[PDB]
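K.L.:
Sequence order for the protein chains is C and H. 3 is the number of the first residue of the first sequence in the entry's author numbering; add one for each residue after it. Read left to right, the second sequence gives residues 11 to 167, 194 to 209 (the entry's author numbering). C-beta atoms are modelled at their ideal positions from N, C-alpha and C, and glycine is treated no differently. Sharing a structure with you now.
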Amino acid sequence: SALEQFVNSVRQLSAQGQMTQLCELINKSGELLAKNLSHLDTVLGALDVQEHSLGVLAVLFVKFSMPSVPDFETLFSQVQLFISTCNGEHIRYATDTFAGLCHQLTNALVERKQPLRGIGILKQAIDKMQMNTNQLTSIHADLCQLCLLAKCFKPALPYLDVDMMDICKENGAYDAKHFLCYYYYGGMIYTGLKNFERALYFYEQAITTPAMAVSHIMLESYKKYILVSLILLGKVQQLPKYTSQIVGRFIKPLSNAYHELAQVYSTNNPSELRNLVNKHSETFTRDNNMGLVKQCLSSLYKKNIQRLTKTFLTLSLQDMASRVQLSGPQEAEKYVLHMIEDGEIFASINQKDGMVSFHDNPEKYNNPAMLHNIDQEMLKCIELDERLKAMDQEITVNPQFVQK
Amino acid sequence: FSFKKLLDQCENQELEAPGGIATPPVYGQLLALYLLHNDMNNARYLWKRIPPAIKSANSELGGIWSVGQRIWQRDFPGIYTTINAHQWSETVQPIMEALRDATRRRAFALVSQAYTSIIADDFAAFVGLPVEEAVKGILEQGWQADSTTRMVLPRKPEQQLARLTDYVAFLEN
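See the structure below:
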């Protein structure tokens with residue numbers, strides 16, 4: 003009669019308030035050796051939407067093997083159904099088994115090798131459990147991993163363009179692994195879409211996490227940060243002052259190929275860079291970041307052509323394809339055409355004389371468009387300052403910040 | 011606007027799916043609409059994640075990816091050659107026909123903004139029209155087409197007071 007007592011207690015507690023005793027009761031479980039939970043699952047979930055049975059689903063997923071016989075997908079639908087109808091703030095009252103259940107579902111989908119059914123689930127399971135859009139939860143990492151394994155980078159964009167400013171405590175748990183996973187997979191997603199300006203920032207946030215040991219997410223994020231910095235800028239950007247001492251003492255020696263790559267990508271010489279890339283092919287292809295180095299090779303020529311504009315005013319195509327080592331006027335012409343199309347350079351091509359003329363006039367600041375841009379930037383700064391002032395006022399009233 | 015809505019519907023239908031895998035028609039529509047909006051990264055990833063069984067079953071995806079690969083290398087003669095090599099039944103025809111017009115406008119704008127003297131043959135190859143058609147088309151625009159040397163010369167193409201009050205009220209607190 004233990005099951006009868008449990009279901010009666012759940013029914014009485016539901017639609018009656020006092021979530022504390024319900025949470026205590028549902029936490030007073032785990033002895034559910036009776037694996038006939040299927041019939042009792044869809045018998046008590048009608049009352050008060052879906053706030054209970056979370057422990058039942060967590061127990062079902064705990065098995066890790068032979069969960070619900072060859073109809074395991076049916077269990078998935080239940081989870082799907084739950085995620086579509088749980089709702090309410092009762093889930094937030096137990097935001098420790100929700101994240102655990104999402105982790106179990108993500109692991110099951112990854113092992114099953116169908117990492118696209120859950121993209122729609124750990125998208126309504128994120129905004130339904132977090133406080134606001136600027137609150138980082140432990141399901142962002144799972145969503146990024148799932149939408150990365152199956153190459154669907156568009157669903158995660160609304161969850162990456164937001165600047166996280168609070169982190170869920172999740173009633174415990176939430177180690178730094180979730181932080182590193184989110185800020186590493188988001189950077190890899192942004193790199194895949196060639197948004198280097200934000201991939202570099204994500205990798206920088208991954209590296210500067212406080213650390214006392216070495217993990218294989220802060221290493222193969224520093225290594226990718228170097229490459230993205232070389233592709234976007236012309237140099238390896240300096241990490242912030244508040245970085246931990248692990249990267250500057252232990253992580254750096256393992257990344258010795260990439261520092262050699264930067265050093266060659268410090269003196270403008272495509273031949274030397276190609277020689278080094280071919281020499282270290284095994285190292286760059288073992289870490290799976292091959293094809294991000296060929297981007298550095300193809301960006302060296304663009305950097306050289308841009309540096310040509312700082313000195314010259316009209317350059318022959320044959321003359322241009324001798325200082326940047328492009329091997330022919332036609333290749334130089336196509337490089338300049340591609341650069342003009344992408345907006346990287348301001349130049350014009352004269353096929354009559356076979357010349358390229360450099361203009362270098364982005365914009366004169368005398369139009370209402372720049373006024374609108376300035377207004378938008380100032381609005382962003384105003385919102386930033388308002389949030390800072392709100393945080394300071396919330397820290398001023400703290401009783402702990404009254405005795406000191 | 012009529013294509014963006016169809017793209018959004020196709021994306022949502024693919025995302026929901028009967029188990030992750032979508033039907034070949036929506037896959038082809040998604041790939042072609044990614045080619046339309048110059049989403050080369052998204053089109054490449056969609057081709058990467060399309061199941062090999064669907065590629066074997068439906069052979070039009072091969073032609074759509076051939077067109078996309080010609081677009082990816084920025085090969086305008088290849089784009090125009092490969093566009094007119096396959097068709098479907100009112101599924102990809104409007105989008106594959108708007109792709110041609112989009113490529114035409116893109117090539118014309120690129121020639122206008124990136125050149126000061128371009129040969130007639132090169133201009134025709136960029137646009138895709140025959141040489142005589144290419145020269146005779148630019149008549150109202152006045153591009154100064156030359157003879158003998160056949161050189162084409164492209165032609166280079194309220195709330196304020198409230199905002200200021202908000203700025204001051206922010207600064208003065």
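(1) Please name the residue, chosen from C/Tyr176, C/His180, C/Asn277, that lies closest to C/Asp144 on a Cα-to-Cα basis.
(2) Applying a beta-carbon distance threshold of less than 9 Å, which residues of chain H neighbour C/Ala152?
(3) Please return the same chain residues whose Cβ sits closer than 6 Å to the Cβ of C/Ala152, not counting the five positions on each side in sequence.
(4) Grab the span of the alpha helix (DSSP H) containing C/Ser231 for me, first residue to last.
(5) Taking Cβ-Cβ distances shorter than 7 Å, what residues in chain H pair up with C/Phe155?
(6) Roughly how many angstroms lie between the CA atoms of H/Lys15 and H/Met50, to the nearest whole one?
(7) Using a Cβ cut-off of 7 Å (strictly closer), state whether C/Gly330 contacts chain H.
(8) Select from the region 114-137 of chain C all residues with a C-beta closer than 7 Å to any C-beta belonging to chain H, and list them in chain order.
(9) Exposed or buried, which one is H/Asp111 when buried takes at least 16 other CB atoms within 10 Å?
(10) Let's test the definition: count the other Cβ atoms within 10 Å of the Cβ of C/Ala208 and tell me whether it reaches 16, buried, or not, exposed.
(11) Between H/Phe206 and chain C, is the shortest Cβ-Cβ distance under 7 Å, so that the two count as touching?
(12) Taking a Cβ distance cut-off of 8 Å, strictly less, list which residues of the region 369-381 of chain C are near chain H, in chain order.
(13) For a minimum of 3 consecutive residues, which ranges assigned as the beta strand (DSSP E) are wholly contained in the region 350-388 of chain C?
(14) Using a C-beta cutoff of 7 Å, does H/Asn22 count as contacting chain C?
(15) Is the beta carbon of C/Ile351 sitting closer than 7 Å to the one on C/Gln297?
(16) Which stretch, first to last residue, makes up the alpha helix (DSSP H) that contains H/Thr126?
(17) For C/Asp355 and C/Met220, I'd like the C-alpha separation in whole angstroms.
(18) Are the beta-carbon atoms of H/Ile89 and H/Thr126 separated by less than 7 Å?
(19) What whole-angstrom Cβ distance do C/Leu42 and C/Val9 have, given they're in contact under 8 Å?
(20) Measuring only the C-alpha atoms, how far is C/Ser300 from C/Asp344?
(21) Checking contacts by CB at 7 Å: is H/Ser127 closer than that to chain C?
(22) Given a limit of 9 Å on CB to CB distance, which residues of the region 76-90 of chain H reach chain C?
(23) Closer than 7 Å by beta-carbon distance: list the chain C residues that pair up with H/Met161, in chain order.
(24) Would you verify that the beta carbon of H/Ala42 is, or is not, closer than 7 Å to some beta carbon of chain C?
(25) Whole angstroms are fine: how far does the CA of C/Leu381 sit from the CA of C/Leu373?
(26) Which of the three DSSP states is assigned to H/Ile60 in this structure?
(27) When DSSP labels each residue in this structure, what does H/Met161 get in the three-state scheme?
(28) Taking the beta strand (DSSP E) that C/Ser257 belongs to, which residues open and close that run?
(29) Cα separation between C/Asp387 and C/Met167?
(30) Hey, is C/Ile342's beta-carbon within less than 7 Å of any beta-carbon in chain H?
(31) Assuming H/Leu43 contacts H/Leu17 (C-beta within less than 8 Å), just tell me the rounded distance between them.
(32) Is it buried or exposed for C/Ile253, if we count other Cβ within 10 angstroms and need 16 for buried?
(33) Looking at the structure shown, is C/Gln207 part of a helix, part of a strand, or coil, going by DSSP?
(34) Helix, strand or coil for residue 1 of chain C, going by three-state DSSP, please let me know.
(35) Using a Cβ cut-off of 9 Å, pull out every chain H residue sitting near C/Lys196, in sequence order please.
(36) Please compile the residues from chain H whose C-beta is within a distance smaller than 9 Å of the C-beta of C/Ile384.
P.N.:
In short, the structure shows the following:
(1) Locating residue 144 of chain C in the first sequence gives position 142, where the first residue counts as 1. Taking only the C-alpha atoms, the option nearest C/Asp144 is C/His180.
(2) Along the first sequence, one-based indexing puts residue 152 of chain C at 150. Chain order gives the chain H residues near C/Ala152 as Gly30, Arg59, where near means a beta carbon separation below 9 Å.
(3) As a working note, residue 152 of chain C is residue 150 in the first sequence. Counting only Cβ-Cβ distances below 6 Å, and skipping sequence neighbours, we find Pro117, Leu118.
(4) Against the first sequence, residue 231 of chain C aligns to sequence position 229. Run containing C/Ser231: 221-234, per the alpha helix (DSSP H) assignment.
(5) One-based indexing of the first sequence puts residue 155 of chain C at position 153. Ordered by position in chain H, the residues that pass the 7 Å Cβ test against C/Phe155 are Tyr55.
(6) Against the second sequence, residue 15 of chain H aligns to sequence position 5. Against the second sequence, residue 50 of chain H aligns to sequence position 40. Distance between the alpha carbons of H/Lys15 and H/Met50: 19 Å.
(7) Along the first sequence, one-based indexing puts residue 330 of chain C at 328. It does not: the Cβ of C/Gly330 has no partner Cβ on chain H nearer than 7 Å.
(8) Those residues of the region 114-137 of chain C that come within reach of chain H (Cβ to Cβ, closer than 7 Å) are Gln116, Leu118, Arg119, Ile121, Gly122.
(9) Position 101 of the second sequence, counted from the first residue, corresponds to residue 111 of chain H. With fewer than 16 other Cβ atoms within 10 Å, it is exposed.
(10) If you number the first sequence from 1, residue 208 of chain C lands on position 206. Around the beta carbon of C/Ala208, 16 or more other beta carbons sit within 10 angstroms, so the residue counts as buried.
(11) As a working mapping, residue 206 of chain H is identified with position 170 in the second sequence. Look at H/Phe206: its C-beta is under 7 Å from a C-beta on chain C.
(12) If the cut-off is 8 Å between Cβ atoms, the region 369-381 of chain C has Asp377, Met380 near chain H.
(13) Fully enclosed beta strand (DSSP E) runs of 3 or longer: 357-360.
(14) In the second sequence, the residue the question calls residue 22 of chain H occupies position 12. Chain C, which has no Cβ nearer than 7 Å to the Cβ of H/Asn22, makes this no.
(15) The residue given as residue 351 of chain C occupies position 349 in the first sequence. The residue given as residue 297 of chain C occupies position 295 in the first sequence. Inclusion of C/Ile351 and C/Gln297 in the CB contact set at 7 Å is not warranted, their separation being larger than that value.
(16) The residue you call residue 126 of chain H lines up with position 116 of the second sequence. Unbroken run through H/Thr126 is the beta strand (DSSP E), 125-129; no alpha helix (DSSP H).
(17) The residue labelled residue 355 of chain C in the question sits at position 353 within the first sequence. The residue labelled residue 220 of chain C in the question sits at position 218 within the first sequence. Rounded to whole angstroms, the separation of the alpha carbons of C/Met220 and C/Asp355 is 53 Å.
(18) As a working note, residue 89 of chain H is residue 79 in the second sequence. As a working note, residue 126 of chain H is residue 116 in the second sequence. At the C-beta level, H/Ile89 and H/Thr126 stay beyond 7 Å of one another.
(19) The residue given as residue 42 of chain C occupies position 40 in the first sequence. The residue given as residue 9 of chain C occupies position 7 in the first sequence. In this structure C/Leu42 is in contact with C/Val9, their Cβ atoms being roughly 7 Å apart against a cut-off of 8 Å.
(20) Residue numbering aside, residue 300 of chain C sits at position 298 when the first sequence is read from its first letter. Residue numbering aside, residue 344 of chain C sits at position 342 when the first sequence is read from its first letter. So the alpha carbons of these two residues sit roughly 14 Å apart.
(21) On the second sequence, position 117 is the one that residue 127 of chain H refers to. H/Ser127 counts as touching chain C.
(22) Interface annotation for the region 76-90 of chain H against chain C: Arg84, criterion Cβ-Cβ distance under 9 Å.
(23) The residue you call residue 161 of chain H lines up with position 151 of the second sequence. For H/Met161, the chain C residues whose Cβ falls inside 7 Å of its Cβ are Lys354, in order along the chain.
(24) Taking the first residue of the second sequence as position 1, residue 42 of chain H is located at position 32. Taking 7 Å as the threshold, the shortest C-beta distance from H/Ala42 to chain C does not fall below it.
(25) To locate residue 373 of chain C, count along the first sequence from 1; it is residue 371. To locate residue 381 of chain C, count along the first sequence from 1; it is residue 379. For the pair C/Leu373 and C/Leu381, the Cα-to-Cα distance works out to about 12 Å.
(26) The residue you call residue 60 of chain H lines up with position 50 of the second sequence. Coil, per DSSP.
(27) What you label residue 161 of chain H is simply residue 151 of the second sequence in a count that begins at 1. It is a strand residue.
(28) The residue given as residue 257 of chain C occupies position 255 in the first sequence. Segment: none, C/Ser257 is in no beta strand (DSSP E) and carries neither H nor E.
(29) Taking the first residue of the first sequence as position 1, residue 387 of chain C is located at position 385. Taking the first residue of the first sequence as position 1, residue 167 of chain C is located at position 165. Using only the alpha carbons, I get a separation of about 14 Å.
(30) In the first sequence, counting from the first residue as 1, residue 342 of chain C sits at position 340. Answer yes: the Cβ-Cβ gap between C/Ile342 and chain H drops below 7 Å somewhere.
(31) Walking along the second sequence from the start, residue 43 of chain H turns up at place 33. Walking along the second sequence from the start, residue 17 of chain H turns up at place 7. The pair is a contact, with the Cβ atoms about 4 Å apart (cut-off 8 Å).
(32) Here residue 253 of chain C refers to the residue found at position 251 of the first sequence. Label assigned to C/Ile253: buried.
(33) As a working note, residue 207 of chain C is residue 205 in the first sequence. Helix, per DSSP.
(34) Past the boundaries of the shown model lies residue 1 of chain C; chain C is included only from 3 to 406, so the question cannot be answered.
(35) What you label residue 196 of chain C is simply residue 194 of the first sequence in a count that begins at 1. Neighbourhood of C/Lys196 in chain H, by CB distance below 9 Å: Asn51, in chain order.
(36) Taking the first residue of the first sequence as position 1, residue 384 of chain C is located at position 382. Near C/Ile384 (Cβ distances below 9 Å), the residues of chain H are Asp202, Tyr203, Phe206.
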